[PDB]
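Enquirer: My structure is in upload_38.cif, and what it holds is mmCIF, C-alpha atoms:
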data_run
loop_
_atom_site.label_atom_id
_atom_site.label_comp_id
_atom_site.auth_asym_id
_atom_site.auth_seq_id
_atom_site.Cartn_x
_atom_site.Cartn_y
_atom_site.Cartn_z
CA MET A 1 -3.41 6.38 19.17
CA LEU A 2 -3.28 8.67 16.12
CA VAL A 3 -0.51 8.32 13.51
CA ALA A 4 0.80 9.69 10.19
CA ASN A 5 -0.86 7.18 7.84
CA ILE A 6 -4.64 7.00 8.39
CA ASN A 7 -6.50 3.79 7.50
CA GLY A 8 -3.34 2.69 5.65
CA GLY A 9 -4.50 -0.87 6.42
CA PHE A 10 -8.25 -0.41 5.83
CA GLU A 11 -8.61 -0.78 9.61
CA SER A 12 -11.16 2.06 9.82
CA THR A 13 -12.64 0.87 6.50
CA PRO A 14 -15.77 -1.31 6.52
CA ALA A 15 -15.55 -4.43 4.35
CA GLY A 16 -17.46 -4.24 1.04
CA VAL A 17 -16.38 -4.29 -2.62
CA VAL A 18 -15.09 -0.87 -3.71
CA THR A 19 -16.88 1.06 -6.46
CA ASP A 20 -14.41 3.96 -6.74
CA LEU A 21 -10.82 3.25 -5.65
CA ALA A 22 -10.30 7.03 -5.68
CA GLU A 23 -13.11 7.49 -3.14
CA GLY A 24 -13.18 3.96 -1.67
CA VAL A 25 -10.66 3.63 1.19
CA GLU A 26 -9.68 6.91 2.89
CA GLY A 27 -6.32 5.47 3.99
CA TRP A 28 -5.78 3.76 0.62
CA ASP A 29 -6.58 5.11 -2.87
CA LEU A 30 -6.13 3.14 -6.11
CA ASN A 31 -5.64 4.25 -9.72
CA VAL A 32 -5.61 2.18 -12.93
CA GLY A 33 -4.11 3.48 -16.19
CA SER A 34 -4.65 2.35 -19.80
CA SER A 35 -1.93 -0.20 -18.99
CA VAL A 36 -4.47 -2.30 -17.07
CA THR A 37 -5.81 -4.35 -19.99
CA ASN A 38 -7.72 -6.53 -17.53
CA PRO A 39 -10.13 -5.23 -14.88
CA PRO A 40 -8.68 -6.00 -11.44
CA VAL A 41 -10.90 -6.46 -8.35
CA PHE A 42 -10.71 -3.91 -5.54
CA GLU A 43 -12.60 -4.98 -2.41
CA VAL A 44 -12.07 -4.79 1.37
CA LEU A 45 -12.21 -7.95 3.50
CA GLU A 46 -12.34 -8.51 7.27
CA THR A 47 -10.27 -11.45 8.55
CA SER A 48 -8.75 -12.17 11.98
CA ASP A 49 -5.53 -13.10 10.15
CA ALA A 50 -5.18 -9.43 9.13
CA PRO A 51 -1.75 -8.01 10.00
CA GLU A 52 -3.05 -4.69 11.38
CA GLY A 53 -6.54 -4.66 12.94
CA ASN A 54 -8.91 -6.88 10.92
CA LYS A 55 -9.47 -5.12 7.58
CA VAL A 56 -7.41 -5.23 4.36
CA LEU A 57 -7.75 -4.60 0.61
CA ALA A 58 -8.19 -7.95 -1.15
CA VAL A 59 -7.41 -7.38 -4.82
CA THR A 60 -7.84 -9.93 -7.58
CA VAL A 61 -4.99 -9.35 -10.05
CA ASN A 62 -5.35 -11.42 -13.23
CA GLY A 63 -4.05 -9.63 -16.35
CA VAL A 64 -1.06 -7.26 -16.53
CA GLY A 65 -0.48 -4.74 -19.33
CA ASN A 66 2.42 -3.45 -21.47
CA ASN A 67 3.52 -1.24 -18.55
CA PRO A 68 4.87 -2.06 -15.09
CA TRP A 69 2.33 0.38 -13.58
CA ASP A 70 -1.15 -0.99 -14.39
CA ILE A 71 -2.75 -1.25 -10.92
CA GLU A 72 -1.39 1.15 -8.28
CA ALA A 73 -2.69 1.44 -4.70
CA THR A 74 -1.20 4.38 -2.76
CA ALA A 75 -1.81 5.21 0.92
CA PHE A 76 -2.67 8.68 2.26
CA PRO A 77 -2.94 11.15 3.55
CA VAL A 78 0.02 10.84 5.94
CA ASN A 79 1.32 13.23 8.63
CA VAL A 80 5.05 13.69 9.32
CA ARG A 81 7.28 16.34 10.94
CA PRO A 82 10.20 18.42 9.67
CA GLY A 83 13.28 17.14 11.54
CA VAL A 84 11.65 14.15 13.26
CA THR A 85 12.18 10.67 11.86
CA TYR A 86 9.10 8.53 11.09
CA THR A 87 8.75 4.75 10.61
CA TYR A 88 7.18 2.81 7.72
CA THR A 89 5.73 -0.70 8.19
CA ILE A 90 3.26 -2.70 6.05
CA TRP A 91 1.97 -6.28 5.68
CA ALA A 92 1.28 -8.03 2.36
CA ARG A 93 -0.48 -11.38 1.85
CA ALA A 94 -1.94 -12.96 -1.30
CA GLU A 95 -4.38 -15.89 -1.48
CA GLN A 96 -1.61 -17.81 -3.28
CA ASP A 97 2.16 -17.55 -2.66
CA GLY A 98 4.40 -16.23 -5.46
CA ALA A 99 3.02 -12.68 -5.69
CA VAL A 100 5.04 -9.48 -6.11
CA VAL A 101 4.14 -5.96 -4.91
CA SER A 102 5.84 -2.56 -4.56
CA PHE A 103 5.61 -0.23 -1.54
CA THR A 104 7.27 3.21 -1.83
CA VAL A 105 6.81 6.59 -0.17
CA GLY A 106 6.81 10.13 -1.61
CA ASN A 107 5.08 13.51 -1.15
CA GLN A 108 3.21 15.59 -3.78
CA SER A 109 6.59 16.77 -5.12
CA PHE A 110 7.34 13.14 -6.08
CA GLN A 111 10.12 13.27 -3.46
CA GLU A 112 10.28 9.63 -2.32
CA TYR A 113 11.95 8.75 1.00
CA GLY A 114 11.70 5.00 1.68
CA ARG A 115 11.69 2.43 -1.16
CA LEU A 116 10.94 -1.32 -1.02
CA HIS A 117 9.43 -2.73 -4.23
CA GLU A 118 10.03 -5.84 -6.37
CA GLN A 119 9.66 -8.51 -3.67
CA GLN A 120 7.87 -11.89 -3.59
CA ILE A 121 5.04 -12.38 -1.08
CA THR A 122 3.84 -15.53 0.69
CA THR A 123 0.20 -16.50 1.22
CA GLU A 124 0.49 -14.95 4.70
CA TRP A 125 1.19 -11.40 5.94
CA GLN A 126 4.83 -10.27 5.64
CA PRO A 127 5.92 -7.48 8.00
CA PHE A 128 8.18 -5.15 5.99
CA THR A 129 9.41 -1.85 7.44
CA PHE A 130 12.20 0.70 7.43
CA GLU A 131 13.12 4.17 8.73
CA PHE A 132 13.26 7.60 7.05
CA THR A 133 12.89 11.33 7.79
CA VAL A 134 11.21 14.23 5.95
CA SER A 135 13.76 14.77 3.15
CA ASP A 136 12.66 18.37 2.50
CA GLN A 137 9.70 19.71 4.48
CA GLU A 138 6.56 17.73 3.59
CA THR A 139 4.09 17.67 6.50
CA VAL A 140 1.97 15.24 4.45
CA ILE A 141 3.13 12.29 2.33
CA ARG A 142 1.72 9.19 0.61
CA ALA A 143 3.29 5.80 -0.17
CA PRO A 144 2.39 4.79 -3.73
CA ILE A 145 2.13 0.98 -3.82
CA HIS A 146 2.57 -0.51 -7.31
CA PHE A 147 0.54 -3.42 -8.69
CA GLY A 148 -0.11 -5.07 -12.07
CA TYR A 149 2.80 -7.47 -12.68
CA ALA A 150 2.96 -11.00 -14.07
CA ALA A 151 4.58 -12.08 -10.78
CA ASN A 152 1.36 -10.93 -9.11
CA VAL A 153 -0.92 -12.21 -11.88
CA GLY A 154 -3.29 -15.17 -11.39
CA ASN A 155 -3.33 -14.36 -7.66
CA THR A 156 -5.33 -12.17 -5.25
CA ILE A 157 -3.10 -9.68 -3.39
CA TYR A 158 -4.34 -8.53 0.03
CA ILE A 159 -2.58 -5.45 1.41
CA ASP A 160 -2.81 -4.02 4.94
CA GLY A 161 -0.39 -2.51 7.47
CA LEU A 162 0.83 0.56 5.56
CA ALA A 163 1.42 2.83 8.57
CA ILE A 164 3.79 5.78 9.11
CA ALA A 165 4.75 6.65 12.71
CA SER A 166 7.92 7.24 14.75
CA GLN A 167 8.96 5.17 17.79
CA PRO A 168 9.23 6.21 21.45
#
Please express what this file holds, its structure, as structure tokens.
Expert:
Amino acid sequence: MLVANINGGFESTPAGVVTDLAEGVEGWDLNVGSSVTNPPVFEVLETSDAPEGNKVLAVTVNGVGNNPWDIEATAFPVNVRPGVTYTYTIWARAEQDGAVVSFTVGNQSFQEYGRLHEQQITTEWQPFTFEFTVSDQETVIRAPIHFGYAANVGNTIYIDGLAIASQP
């Protein structure tokens, strides 16, 4: 069953620590700015507890910066349709409860459609979703997930489930 978001949950990604977030997970790309004063850990893990499939991105956040955008993991590429409405669902889970993460969507024009960031996360997988439709005419989009906050510090954040598809 194809879909808009590809490997948005590291499902088609083989476990193994990442060496280049930009060219690590095809469904998920990461990017750190000078704000990241501390080096975060980007690595994929395979667990049966995974929310979607059995692969996720286990990150070890432990040191925020002077900006609310130190570690950022976006998902892409995604495929949508002009006029049709798509769905957005994702699952977050950190080794320790009390972790915050941000999951938003937007195309290359920065045009964001859905928006759900600034939320606490338990030590398990939380199913968060919503509905939206191509605002303008972007056949491809990507949900930029934010990371690098004190509420997510001293805790490993595992992300998996970022998928974009409509319902029958």
Enquirer: Residues within 9 Å of (3.6, 15.3, 6.2), file coordinates, counting only C-alpha atoms: what are they? Give the list as a PyMOL selection string.
Expert: chain A and resi 4+77-82+107+134+137-142
Enquirer: Return as a list in words the set of residues that the PyMOL selection byres ((chain A and resi 124) around 7) yields on the displayed structure.
Expert: residues 93, 94, 122, 123, 125 and 126 of chain A
Enquirer: Just want the 12 Å neighbourhood of residue 118 (chain A), counted on only C-alpha atoms, with same-chain residues fewer than 6 positions away dropped. Output as a PDB file with C-alpha atoms, in the coordinates of the input.
Expert:
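As written to disk, out.pdb reads:
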ATOM      1  CA  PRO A  68       4.870  -2.060 -15.090  1.00  0.00           C
ATOM      2  CA  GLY A  98       4.400 -16.230  -5.460  1.00  0.00           C
ATOM      3  CA  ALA A  99       3.020 -12.680  -5.690  1.00  0.00           C
ATOM      4  CA  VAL A 100       5.040  -9.480  -6.110  1.00  0.00           C
ATOM      5  CA  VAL A 101       4.140  -5.960  -4.910  1.00  0.00           C
ATOM      6  CA  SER A 102       5.840  -2.560  -4.560  1.00  0.00           C
ATOM      7  CA  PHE A 103       5.610  -0.230  -1.540  1.00  0.00           C
ATOM      8  CA  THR A 104       7.270   3.210  -1.830  1.00  0.00           C
ATOM      9  CA  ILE A 145       2.130   0.980  -3.820  1.00  0.00           C
ATOM     10  CA  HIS A 146       2.570  -0.510  -7.310  1.00  0.00           C
ATOM     11  CA  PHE A 147       0.540  -3.420  -8.690  1.00  0.00           C
ATOM     12  CA  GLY A 148      -0.110  -5.070 -12.070  1.00  0.00           C
ATOM     13  CA  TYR A 149       2.800  -7.470 -12.680  1.00  0.00           C
ATOM     14  CA  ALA A 150       2.960 -11.000 -14.070  1.00  0.00           C
ATOM     15  CA  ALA A 151       4.580 -12.080 -10.780  1.00  0.00           C
ATOM     16  CA  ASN A 152       1.360 -10.930  -9.110  1.00  0.00           C
TER      17      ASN A 152
END
Enquirer: I'd like to know which of A:143, A:162, A:121, A:105 is closest to residue 11 (chain A), using all atoms listed in the file.
Expert: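 Of the candidates, the smallest distance to residue 11 (chain A) is held by A:162.
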Enquirer: For each of A:38, A:119, A:85, A:60, take the minimum atom-to-atom distance to residue 164 (chain A), counting all atoms listed in the file, then give the residue where this is smallest.
Expert: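 Under the stated criterion, the closest residue is A:85.
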Enquirer: Quick check on the file I pasted: which residues fall under the PyMOL selection byres ((chain A and resi 32) around 7)? Write them as a list in words.
Expert: residues 30, 31, 33, 34, 36, 70, 71 and 72 of chain A
Enquirer: In Å to one decimal, how far is CA of residue 87 (chain A) from CA of residue 112 (chain A)?
Expert: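 It comes out at 13.9 Å.
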Enquirer: Which is closer to residue 110 (chain A) than all the others in A:144, A:39, A:83, A:14, using all atoms listed in the file?
Expert: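 Residue with the minimum atom-to-atom distance to residue 110 (chain A): A:144.
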Enquirer: Just add N, CA and C atoms to region 93-120 of chain A and send it as a PDB file, in the coordinates of the input.
Expert:
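Once written, result-v7.pdb looks like this:
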ATOM      1  N   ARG A  93      -0.101  -9.940   1.796  1.00  0.00           N
ATOM      2  CA  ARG A  93      -0.480 -11.380   1.850  1.00  0.00           C
ATOM      3  C   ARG A  93      -1.425 -11.696   0.694  1.00  0.00           C
ATOM      4  N   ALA A  94      -1.061 -12.617  -0.152  1.00  0.00           N
ATOM      5  CA  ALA A  94      -1.940 -12.960  -1.300  1.00  0.00           C
ATOM      6  C   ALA A  94      -2.562 -14.339  -1.087  1.00  0.00           C
ATOM      7  N   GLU A  95      -3.718 -14.568  -1.645  1.00  0.00           N
ATOM      8  CA  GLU A  95      -4.380 -15.890  -1.480  1.00  0.00           C
ATOM      9  C   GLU A  95      -3.393 -17.002  -1.861  1.00  0.00           C
ATOM     10  N   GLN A  96      -2.587 -16.772  -2.862  1.00  0.00           N
ATOM     11  CA  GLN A  96      -1.610 -17.810  -3.280  1.00  0.00           C
ATOM     12  C   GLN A  96      -0.188 -17.242  -3.183  1.00  0.00           C
ATOM     13  N   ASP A  97       0.758 -18.047  -2.784  1.00  0.00           N
ATOM     14  CA  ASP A  97       2.160 -17.550  -2.660  1.00  0.00           C
ATOM     15  C   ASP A  97       2.718 -17.270  -4.055  1.00  0.00           C
ATOM     16  N   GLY A  98       3.800 -16.545  -4.129  1.00  0.00           N
ATOM     17  CA  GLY A  98       4.400 -16.230  -5.460  1.00  0.00           C
ATOM     18  C   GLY A  98       3.771 -14.954  -6.014  1.00  0.00           C
ATOM     19  N   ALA A  99       3.616 -13.950  -5.195  1.00  0.00           N
ATOM     20  CA  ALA A  99       3.020 -12.680  -5.690  1.00  0.00           C
ATOM     21  C   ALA A  99       3.998 -11.539  -5.420  1.00  0.00           C
ATOM     22  N   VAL A 100       4.087 -10.605  -6.317  1.00  0.00           N
ATOM     23  CA  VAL A 100       5.040  -9.480  -6.110  1.00  0.00           C
ATOM     24  C   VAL A 100       4.288  -8.159  -5.943  1.00  0.00           C
ATOM     25  N   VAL A 101       4.811  -7.281  -5.129  1.00  0.00           N
ATOM     26  CA  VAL A 101       4.140  -5.960  -4.910  1.00  0.00           C
ATOM     27  C   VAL A 101       5.205  -4.891  -4.667  1.00  0.00           C
ATOM     28  N   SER A 102       4.842  -3.641  -4.784  1.00  0.00           N
ATOM     29  CA  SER A 102       5.840  -2.560  -4.560  1.00  0.00           C
ATOM     30  C   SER A 102       5.299  -1.559  -3.535  1.00  0.00           C
ATOM     31  N   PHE A 103       6.091  -1.198  -2.561  1.00  0.00           N
ATOM     32  CA  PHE A 103       5.610  -0.230  -1.540  1.00  0.00           C
ATOM     33  C   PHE A 103       6.623   0.916  -1.398  1.00  0.00           C
ATOM     34  N   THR A 104       6.320   2.064  -1.941  1.00  0.00           N
ATOM     35  CA  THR A 104       7.270   3.210  -1.830  1.00  0.00           C
ATOM     36  C   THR A 104       6.592   4.402  -1.176  1.00  0.00           C
ATOM     37  N   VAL A 105       7.368   5.384  -0.822  1.00  0.00           N
ATOM     38  CA  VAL A 105       6.810   6.590  -0.170  1.00  0.00           C
ATOM     39  C   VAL A 105       7.236   7.840  -0.947  1.00  0.00           C
ATOM     40  N   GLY A 106       6.455   8.885  -0.881  1.00  0.00           N
ATOM     41  CA  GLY A 106       6.810  10.130  -1.610  1.00  0.00           C
ATOM     42  C   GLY A 106       5.727  11.189  -1.385  1.00  0.00           C
ATOM     43  N   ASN A 107       6.095  12.443  -1.369  1.00  0.00           N
ATOM     44  CA  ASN A 107       5.080  13.510  -1.150  1.00  0.00           C
ATOM     45  C   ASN A 107       4.543  14.003  -2.500  1.00  0.00           C
ATOM     46  N   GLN A 108       3.783  15.065  -2.499  1.00  0.00           N
ATOM     47  CA  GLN A 108       3.210  15.590  -3.780  1.00  0.00           C
ATOM     48  C   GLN A 108       4.332  15.994  -4.743  1.00  0.00           C
ATOM     49  N   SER A 109       5.476  16.353  -4.232  1.00  0.00           N
ATOM     50  CA  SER A 109       6.590  16.770  -5.120  1.00  0.00           C
ATOM     51  C   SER A 109       7.283  15.537  -5.711  1.00  0.00           C
ATOM     52  N   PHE A 110       6.713  14.378  -5.524  1.00  0.00           N
ATOM     53  CA  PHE A 110       7.340  13.140  -6.080  1.00  0.00           C
ATOM     54  C   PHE A 110       8.597  12.795  -5.282  1.00  0.00           C
ATOM     55  N   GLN A 111       8.906  13.563  -4.273  1.00  0.00           N
ATOM     56  CA  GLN A 111      10.120  13.270  -3.460  1.00  0.00           C
ATOM     57  C   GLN A 111       9.886  11.994  -2.651  1.00  0.00           C
ATOM     58  N   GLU A 112      10.476  10.905  -3.061  1.00  0.00           N
ATOM     59  CA  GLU A 112      10.280   9.630  -2.320  1.00  0.00           C
ATOM     60  C   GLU A 112      11.336   9.495  -1.222  1.00  0.00           C
ATOM     61  N   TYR A 113      10.969   8.926  -0.106  1.00  0.00           N
ATOM     62  CA  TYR A 113      11.950   8.750   1.000  1.00  0.00           C
ATOM     63  C   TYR A 113      12.321   7.274   1.114  1.00  0.00           C
ATOM     64  N   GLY A 114      11.403   6.456   1.553  1.00  0.00           N
ATOM     65  CA  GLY A 114      11.700   5.000   1.680  1.00  0.00           C
ATOM     66  C   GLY A 114      11.421   4.315   0.336  1.00  0.00           C
ATOM     67  N   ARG A 115      11.934   3.130   0.138  1.00  0.00           N
ATOM     68  CA  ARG A 115      11.690   2.430  -1.160  1.00  0.00           C
ATOM     69  C   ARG A 115      11.879   0.919  -0.978  1.00  0.00           C
ATOM     70  N   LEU A 116      10.832   0.161  -1.160  1.00  0.00           N
ATOM     71  CA  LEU A 116      10.940  -1.320  -1.020  1.00  0.00           C
ATOM     72  C   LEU A 116       9.968  -1.983  -1.992  1.00  0.00           C
ATOM     73  N   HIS A 117      10.347  -2.106  -3.235  1.00  0.00           N
ATOM     74  CA  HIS A 117       9.430  -2.730  -4.230  1.00  0.00           C
ATOM     75  C   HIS A 117      10.144  -3.879  -4.947  1.00  0.00           C
ATOM     76  N   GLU A 118       9.403  -4.703  -5.639  1.00  0.00           N
ATOM     77  CA  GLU A 118      10.030  -5.840  -6.370  1.00  0.00           C
ATOM     78  C   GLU A 118      10.368  -6.953  -5.373  1.00  0.00           C
ATOM     79  N   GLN A 119       9.391  -7.434  -4.654  1.00  0.00           N
ATOM     80  CA  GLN A 119       9.660  -8.510  -3.670  1.00  0.00           C
ATOM     81  C   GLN A 119       8.548  -9.562  -3.732  1.00  0.00           C
ATOM     82  N   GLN A 120       8.894 -10.810  -3.551  1.00  0.00           N
ATOM     83  CA  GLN A 120       7.870 -11.890  -3.590  1.00  0.00           C
ATOM     84  C   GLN A 120       7.063 -11.866  -2.294  1.00  0.00           C
TER      85      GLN A 120
END
